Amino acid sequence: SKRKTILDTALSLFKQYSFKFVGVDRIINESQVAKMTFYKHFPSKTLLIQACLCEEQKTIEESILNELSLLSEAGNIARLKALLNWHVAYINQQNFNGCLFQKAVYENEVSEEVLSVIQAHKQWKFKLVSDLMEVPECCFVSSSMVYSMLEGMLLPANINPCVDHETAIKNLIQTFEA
């Protein structure tokens, strides 16, 4: 029951800081649960991290896919545009601090059940990019290229905050619309 509060509280803290930086004791208080209640739902920190990544996958994929299904009658450039714009909104959102899946691999949060979630999600996004570009109306720029560019656009602004990714994306949208 209080599982969701814990999950949602840990998600924010992991996104805000890092996995190794926030310990279980901090998640306990901020969720306002008893230690015993935490471990009933999450017997270990790795299990909470696994559920945090599963939740991030479910929310990202549902969000993207729902926008695209609003454009099934829009043609293929319109749907590719929406995938690109979605990234603009994602890095401009207030709490954006990078990609949580890239964060887990850099922090070596890579127990097998966690890695499979990470790889399955990024394999889904690679496939989605590839399917959106393998249309007749598209060319020049390859999908493996666009995928890695989007992945590089998900880096924390702190690495290079003068880079405006939205300006690059707006420019690439105009190329598809040539």
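Start at 1 with the first residue shown and count on from there.
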| property | result |
| --- | --- |
| Between neighbours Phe140 and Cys139, residues that the deposited sequence lists but the model omits | 1 to 3 |
| Stretch with the greater mean C-alpha B-factor as recorded in the entry, comparing 25 to 33 against 46 to 54 | 25 to 33 |
| Given 72 to 80 and 91 to 99, the range whose Cα B-factors average higher in the PDB entry | 72 to 80 |
| Residue with maximal Cα B-factor (values as given in the PDB entry) among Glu67, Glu113, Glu61, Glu151 | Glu67 |
| Chain third (lowest, middle, highest) by recorded CA B-factor, residue given as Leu132 | middle |
